[PDB]
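To keep things clear, I will list the structure first and then write my remarks on it.
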Amino acid sequence: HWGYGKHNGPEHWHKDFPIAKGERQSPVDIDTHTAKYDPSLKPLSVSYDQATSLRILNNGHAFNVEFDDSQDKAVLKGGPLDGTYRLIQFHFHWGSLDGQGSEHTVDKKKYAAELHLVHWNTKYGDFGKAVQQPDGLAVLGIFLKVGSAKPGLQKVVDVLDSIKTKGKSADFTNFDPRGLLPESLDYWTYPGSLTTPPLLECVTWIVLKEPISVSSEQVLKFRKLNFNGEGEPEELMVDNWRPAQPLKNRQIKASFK
Ligand SMILES: CCN[C@H]1CN(CCCOC)S(=O)(=O)c2sc(S(N)(=O)=O)cc21
Ligand SMILES: [Zn+2]
């Protein structure tokens, strides 16, 4: 099965998921000089005050914090989006060293990690239907760099010991994802795909310009997780990122000058 190892990593995915070589694959490098300011873009609207977290889960590829998306509790709108998209989960991608970890890069710069807040377009009724549509998901991507601690990340970091191995989950209620946002909502946007199998081309990517800072100790705890299940040989969960894919016939738009 697919993973991030030498024998089942990104370079092999196309054999089971041929869309891996498709026309709107993610992630990509954001060339800041070629991206165009688009004054018709509207500000993002992130309304997370009513967000309800339920659970955190190690799924063998990352850890997901899952939310109740049975109603409009935590939603994203505005920007390039038409309609209302509901927050269903967030997760991270990270590296074995501070100089790598992000999926998107900026002028070829790699960050230590990348946060993905996954939202689905409510006009399609459920998440499973939304992924089959060109405008089905909106993912908010936020870069992490190593510096000062991010306080609002700490509750996530402290539960990681209870979900060390694949398939473990733990209750994770009353977590406020607002504590993971940077100060500015300036963004780049382009049409793309899931960055993991099944690699569906269903995503409107919204990547924030401003990284958040986390501490070395915070990221160190991400790297203590395992890809494997309990009682299998230990493999540290690190470098769970897909490299940049060709931009092809796409323009990246910027919300800011
Ligand atoms: C371990 C798989 N994670 C995937 C799959 N997901 C489910 C697909 C089921 O339906 C076919 S998902 O939409 O929640 C989502 S969003 C991203 S990313 N990295 O933000 O582009 C990856 C995923
Ligand atoms: Zn992701």
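Counting starts at 1 for both ligands and their atoms, following the listed order. Count residues from 1 along the sequence. The figures here come from the full heavy-atom set of this structure, side chains too, leaving out hydrogens, waters and symmetry mates.
In terms of distance to the Zn ion (ligand 2), the nearest N, O or S atom of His91 is named NE2. Nearest N/O/S atom of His116 with respect to the Zn ion (ligand 2) is recorded as ND1.
Remark: ligand 1 and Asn59 share no N or O pair separated by less than 3.5 Å (distance only, no angle test). An N or O contact shorter than 3.5 Å links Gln89 to ligand 1 by distance.
Every atom of ligand 1 with a heavy atom of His61 under 4.0 Å away is listed here by number and element: 1 (C). Near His91, meaning under 4.0 Å from any of its heavy atoms, are these atoms of ligand 1: 17 (C), 18 (S), 19 (N), 20 (O). Less than 4.0 angstrom separates some heavy atom of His93 from each of these atoms of ligand 1: 19 (N). Heavy-atom contacts of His116 reach the following atoms of ligand 1: 18 (S), 19 (N), 20 (O) (cutoff under 4.0 Å). Those atoms of ligand 1 that come under 4.0 Å of a heavy atom in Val118, given as number and element, are 16 (S).
A donor-acceptor contact under 3.5 angstrom links the side chains of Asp69 and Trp120, judged on distance only.
Relative to the six-membered ring of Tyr37, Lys257 meets both conditions, a distance below 6.0 Å and an angle of at most 45° to the axis. Stacking of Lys209 on the aromatic ring of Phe256 is recorded, both the 6.0 Å distance cut-off and the 45° axial limit being met.
You'll find the ring centres of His104 and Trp188 outside the 6.0 Å limit. If you look at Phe67 and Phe175, their ring centroids are not closer than 6.0 Å. Aromatic rings of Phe92 and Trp241 (six-membered ring for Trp) have centroids beyond the 6.0 Å cut-off, not under it.
Counting heavy atoms only, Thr195 comes closest to atom 18 (S) of ligand 1 of the residues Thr195, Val139, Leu140, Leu115.
For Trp241, no heavy-atom contact with ligand 1 is shorter than 4.0 Å.
No donor-acceptor pair under 3.5 Å is formed between the side chain of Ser102 and the backbone N or O of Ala113.
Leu137 places none of its side-chain heavy atoms less than 4.5 Å from the side chain of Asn121. Side-chain contact between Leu140 and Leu44 is present, with at least one heavy-atom pair separated by less than 4.5 Å.
In terms of protein heavy atoms, atom 6 (N) of ligand 1 is closest to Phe127 CZ, 4.2 Å. When only non-hydrogen protein atoms are considered, atom 15 (C) of ligand 1 lies nearest to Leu194 CD2, 3.9 Å. Nearest to atom 3 (N) of ligand 1 among the protein's heavy atoms is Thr196 OG1, 3.2 Å.
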